[PDB]
$ cat coords_15.json   # JSON, C-alpha atoms
[["chain", "number", "residue", "atom", "x", "y", "z"],
["J", 1, "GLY", "CA", -35.15, -8.91, 20.77],
["J", 2, "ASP", "CA", -37.40, -6.20, 19.37],
["J", 3, "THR", "CA", -38.82, -6.47, 15.86],
["J", 4, "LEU", "CA", -40.80, -4.21, 13.54],
["J", 5, "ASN", "CA", -43.89, -5.15, 15.56],
["J", 6, "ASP", "CA", -42.51, -3.52, 18.70],
["J", 7, "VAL", "CA", -41.56, -0.44, 16.69],
["J", 8, "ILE", "CA", -44.96, -0.14, 15.02],
["J", 9, "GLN", "CA", -46.96, -0.60, 18.23],
["J", 10, "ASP", "CA", -45.18, 2.39, 19.82],
["J", 11, "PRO", "CA", -46.25, 5.74, 18.30],
["J", 12, "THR", "CA", -42.91, 7.40, 19.04],
["J", 13, "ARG", "CA", -40.85, 4.59, 17.50],
["J", 14, "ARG", "CA", -43.28, 4.16, 14.60],
["J", 15, "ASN", "CA", -43.07, 7.85, 13.75],
["J", 16, "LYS", "CA", -39.28, 7.83, 14.14],
["J", 17, "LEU", "CA", -39.13, 4.97, 11.64],
["J", 18, "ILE", "CA", -41.47, 6.81, 9.26],
["J", 19, "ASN", "CA", -39.56, 10.09, 9.51],
["J", 20, "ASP", "CA", -35.99, 8.77, 9.35],
["J", 21, "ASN", "CA", -36.83, 6.83, 6.17],
["J", 22, "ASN", "CA", -38.89, 9.46, 4.29],
["J", 23, "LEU", "CA", -41.75, 6.99, 4.02],
["J", 24, "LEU", "CA", -44.36, 9.72, 3.49],
["J", 25, "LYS", "CA", -42.35, 11.41, 0.73],
["J", 26, "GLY", "CA", -42.14, 10.56, -2.95],
["J", 27, "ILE", "CA", -39.03, 10.26, -5.09],
["J", 28, "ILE", "CA", -38.04, 12.79, -7.76],
["J", 29, "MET", "CA", -36.78, 10.97, -10.87],
["J", 30, "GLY", "CA", -34.46, 13.64, -12.17],
["J", 31, "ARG", "CA", -32.05, 13.21, -15.06],
["J", 32, "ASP", "CA", -29.24, 13.19, -12.49],
["J", 33, "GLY", "CA", -30.91, 10.33, -10.62],
["J", 34, "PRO", "CA", -33.59, 9.68, -8.00],
["J", 35, "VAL", "CA", -33.68, 11.91, -4.94],
["J", 36, "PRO", "CA", -36.16, 11.87, -2.04],
["J", 37, "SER", "CA", -38.65, 14.71, -1.96],
["J", 38, "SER", "CA", -38.81, 17.09, 0.99],
["D", 1, "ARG", "CA", -25.43, 39.80, 6.70],
["D", 2, "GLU", "CA", -28.56, 37.71, 7.07],
["D", 3, "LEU", "CA", -30.35, 37.72, 3.71],
["D", 4, "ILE", "CA", -33.55, 35.87, 4.64],
["D", 5, "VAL", "CA", -35.78, 35.81, 7.70],
["D", 6, "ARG", "CA", -35.19, 32.99, 10.17],
["D", 7, "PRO", "CA", -37.77, 30.28, 9.39],
["D", 8, "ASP", "CA", -39.85, 28.45, 11.95],
["D", 9, "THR", "CA", -38.88, 25.06, 10.49],
["D", 10, "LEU", "CA", -36.82, 23.42, 7.77],
["D", 11, "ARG", "CA", -37.74, 21.00, 5.00],
["D", 12, "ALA", "CA", -35.35, 18.07, 5.20],
["D", 13, "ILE", "CA", -34.84, 14.46, 4.17],
["D", 14, "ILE", "CA", -32.69, 11.88, 5.94],
["D", 15, "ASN", "CA", -29.75, 10.14, 4.25],
["D", 16, "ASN", "CA", -27.27, 8.09, 6.29],
["D", 17, "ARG", "CA", -25.56, 6.05, 3.56],
["D", 18, "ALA", "CA", -21.97, 6.47, 4.68],
["D", 19, "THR", "CA", -19.20, 5.70, 2.21],
["D", 20, "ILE", "CA", -15.46, 5.21, 2.57],
["D", 21, "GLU", "CA", -13.28, 5.10, -0.54],
["D", 22, "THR", "CA", -9.51, 4.63, -0.68],
["D", 23, "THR", "CA", -7.37, 4.54, -3.83],
["D", 24, "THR", "CA", -3.64, 3.81, -3.96],
["D", 25, "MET", "CA", -1.50, 3.91, -7.10],
["D", 26, "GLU", "CA", 2.20, 3.07, -7.31],
["D", 27, "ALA", "CA", 4.42, 3.18, -10.38],
["D", 28, "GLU", "CA", 8.11, 2.34, -10.75],
["D", 29, "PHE", "CA", 10.47, 2.53, -13.70],
["D", 30, "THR", "CA", 14.15, 1.62, -13.97],
["D", 31, "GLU", "CA", 16.46, 1.82, -16.97],
["D", 32, "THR", "CA", 20.10, 0.66, -16.95],
["D", 33, "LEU", "CA", 22.45, 1.12, -19.91],
["D", 34, "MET", "CA", 25.92, -0.43, -20.15],
["D", 35, "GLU", "CA", 28.61, -0.04, -22.80],
["D", 36, "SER", "CA", 32.24, -1.06, -23.06],
["D", 37, "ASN", "CA", 35.03, -1.05, -25.64],
["D", 38, "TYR", "CA", 38.58, -2.26, -25.94],
["D", 39, "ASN", "CA", 41.23, -1.75, -28.61],
["D", 40, "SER", "CA", 44.55, -3.55, -28.82],
["D", 41, "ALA", "CA", 47.55, -3.21, -31.10],
["D", 42, "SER", "CA", 50.88, -5.04, -31.00],
["D", 43, "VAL", "CA", 53.84, -4.49, -33.32],
["D", 44, "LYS", "CA", 57.22, -6.20, -33.56],
["D", 45, "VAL", "CA", 60.19, -5.67, -35.85],
["D", 46, "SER", "CA", 63.29, -7.82, -36.08],
["D", 47, "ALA", "CA", 66.72, -8.10, -37.68],
["D", 48, "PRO", "CA", 69.91, -10.06, -36.84]]
$ encode --input "coords_15.json" --output "structure tokens"
Amino acid sequence: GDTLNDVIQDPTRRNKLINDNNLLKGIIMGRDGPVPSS
Amino acid sequence: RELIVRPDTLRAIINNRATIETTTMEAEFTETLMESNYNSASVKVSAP
């Protein structure tokens, strides 16, 4: 029964969560719609 | 032919929003026409 706490306390899992969700990247509000930035 | 030099890394973003879409359309049309006619004639002549 792991939660976000178990993910955040583990550097590998925390960074996997950050990377797989583009949490460090902004969002481009183009006229075609929002897209995550690379 | 390779146009650019092989890079050491790639800029990417993650997107796993899978979608499944199914559309079905059926149309039917039937048209029946019926016609009929009849003509009759009877004639009789008499004398003694």
$ residues_around --input "coords_15.json" --residues "stretch 8-25 of chain J" --least-positions-apart "4" --cutoff "12 Å" --atoms "all atoms listed in the file" --output "list in words"
residues 2, 3, 4, 35, 36, 37 and 38 of chain J; 11, 12, 13, 14, 15, 16 and 17 of chain D
$ atom_distance --input "coords_15.json" --atom1 "atom CA of residue D:19" --atom2 "atom CA of residue J:26"
24.0 Å
$ closest_residue --input "coords_15.json" --among "J:7, J:1, J:33, J:27" --to "chain D" --atoms "only C-alpha atoms"
J:27
$ axis_aligned_box --input "coords_15.json" --around "stretch 27-37 of chain D" --padding-each-side "6 Å" --output "lines of an AutoDock Vina configuration file"
center_x = 19.7
center_y = 1.1
center_z = -18.0
size_x = 42.6
size_y = 16.2
size_z = 27.3
$ atom_distance --input "coords_15.json" --atom1 "atom CA of residue D:7" --atom2 "atom CA of residue J:28"
24.5 Å
$ atom_distance --input "coords_15.json" --atom1 "atom CA of residue J:29" --atom2 "atom CA of residue D:10"
22.4 Å
$ build_atoms --input "coords_15.json" --residues "stretch 25-41 of chain D" --atoms "N, CA, C and O atoms" --output "PDB file, in the coordinates of the input"
ATOM      1  N   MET D  25      -2.145   4.212  -5.826  1.00  0.00           N
ATOM      2  CA  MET D  25      -1.500   3.910  -7.100  1.00  0.00           C
ATOM      3  C   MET D  25      -0.001   4.076  -6.946  1.00  0.00           C
ATOM      4  O   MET D  25       0.465   5.131  -6.512  1.00  0.00           O
ATOM      5  N   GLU D  26       0.747   3.041  -7.314  1.00  0.00           N
ATOM      6  CA  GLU D  26       2.200   3.070  -7.310  1.00  0.00           C
ATOM      7  C   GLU D  26       2.725   2.725  -8.690  1.00  0.00           C
ATOM      8  O   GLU D  26       2.191   1.845  -9.365  1.00  0.00           O
ATOM      9  N   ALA D  27       3.764   3.436  -9.112  1.00  0.00           N
ATOM     10  CA  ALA D  27       4.420   3.180 -10.380  1.00  0.00           C
ATOM     11  C   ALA D  27       5.924   3.258 -10.169  1.00  0.00           C
ATOM     12  O   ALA D  27       6.407   4.137  -9.455  1.00  0.00           O
ATOM     13  N   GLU D  28       6.654   2.323 -10.765  1.00  0.00           N
ATOM     14  CA  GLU D  28       8.110   2.340 -10.750  1.00  0.00           C
ATOM     15  C   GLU D  28       8.626   2.158 -12.165  1.00  0.00           C
ATOM     16  O   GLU D  28       7.965   1.557 -13.014  1.00  0.00           O
ATOM     17  N   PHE D  29       9.807   2.704 -12.418  1.00  0.00           N
ATOM     18  CA  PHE D  29      10.470   2.530 -13.700  1.00  0.00           C
ATOM     19  C   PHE D  29      11.968   2.603 -13.482  1.00  0.00           C
ATOM     20  O   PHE D  29      12.447   3.494 -12.782  1.00  0.00           O
ATOM     21  N   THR D  30      12.697   1.660 -14.062  1.00  0.00           N
ATOM     22  CA  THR D  30      14.150   1.620 -13.970  1.00  0.00           C
ATOM     23  C   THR D  30      14.710   1.354 -15.353  1.00  0.00           C
ATOM     24  O   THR D  30      14.137   0.584 -16.125  1.00  0.00           O
ATOM     25  N   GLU D  31      15.821   2.006 -15.677  1.00  0.00           N
ATOM     26  CA  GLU D  31      16.460   1.820 -16.970  1.00  0.00           C
ATOM     27  C   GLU D  31      17.973   1.881 -16.788  1.00  0.00           C
ATOM     28  O   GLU D  31      18.508   2.921 -16.402  1.00  0.00           O
ATOM     29  N   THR D  32      18.649   0.766 -17.054  1.00  0.00           N
ATOM     30  CA  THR D  32      20.100   0.660 -16.950  1.00  0.00           C
ATOM     31  C   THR D  32      20.687   0.457 -18.339  1.00  0.00           C
ATOM     32  O   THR D  32      20.218  -0.392 -19.100  1.00  0.00           O
ATOM     33  N   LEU D  33      21.694   1.252 -18.671  1.00  0.00           N
ATOM     34  CA  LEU D  33      22.450   1.120 -19.910  1.00  0.00           C
ATOM     35  C   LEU D  33      23.907   0.829 -19.574  1.00  0.00           C
ATOM     36  O   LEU D  33      24.467   1.414 -18.646  1.00  0.00           O
ATOM     37  N   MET D  34      24.514  -0.083 -20.327  1.00  0.00           N
ATOM     38  CA  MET D  34      25.920  -0.430 -20.150  1.00  0.00           C
ATOM     39  C   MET D  34      26.590  -0.482 -21.510  1.00  0.00           C
ATOM     40  O   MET D  34      26.012  -1.006 -22.465  1.00  0.00           O
ATOM     41  N   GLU D  35      27.796   0.066 -21.598  1.00  0.00           N
ATOM     42  CA  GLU D  35      28.610  -0.040 -22.800  1.00  0.00           C
ATOM     43  C   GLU D  35      30.063  -0.213 -22.408  1.00  0.00           C
ATOM     44  O   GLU D  35      30.491   0.229 -21.341  1.00  0.00           O
ATOM     45  N   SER D  36      30.819  -0.875 -23.278  1.00  0.00           N
ATOM     46  CA  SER D  36      32.240  -1.060 -23.060  1.00  0.00           C
ATOM     47  C   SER D  36      32.928  -1.294 -24.391  1.00  0.00           C
ATOM     48  O   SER D  36      32.328  -1.823 -25.327  1.00  0.00           O
ATOM     49  N   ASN D  37      34.191  -0.883 -24.460  1.00  0.00           N
ATOM     50  CA  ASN D  37      35.030  -1.050 -25.640  1.00  0.00           C
ATOM     51  C   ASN D  37      36.425  -1.430 -25.198  1.00  0.00           C
ATOM     52  O   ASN D  37      36.855  -1.092 -24.093  1.00  0.00           O
ATOM     53  N   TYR D  38      37.143  -2.114 -26.083  1.00  0.00           N
ATOM     54  CA  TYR D  38      38.580  -2.260 -25.940  1.00  0.00           C
ATOM     55  C   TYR D  38      39.211  -2.279 -27.319  1.00  0.00           C
ATOM     56  O   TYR D  38      38.628  -2.800 -28.269  1.00  0.00           O
ATOM     57  N   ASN D  39      40.393  -1.686 -27.419  1.00  0.00           N
ATOM     58  CA  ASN D  39      41.230  -1.750 -28.610  1.00  0.00           C
ATOM     59  C   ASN D  39      42.601  -2.245 -28.200  1.00  0.00           C
ATOM     60  O   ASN D  39      43.093  -1.912 -27.121  1.00  0.00           O
ATOM     61  N   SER D  40      43.207  -3.059 -29.053  1.00  0.00           N
ATOM     62  CA  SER D  40      44.550  -3.550 -28.820  1.00  0.00           C
ATOM     63  C   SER D  40      45.345  -3.456 -30.107  1.00  0.00           C
ATOM     64  O   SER D  40      44.791  -3.614 -31.196  1.00  0.00           O
ATOM     65  N   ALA D  41      46.635  -3.170 -29.977  1.00  0.00           N
ATOM     66  CA  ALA D  41      47.550  -3.210 -31.100  1.00  0.00           C
ATOM     67  C   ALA D  41      48.916  -3.654 -30.600  1.00  0.00           C
ATOM     68  O   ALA D  41      49.383  -3.169 -29.567  1.00  0.00           O
TER      69      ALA D  41
END
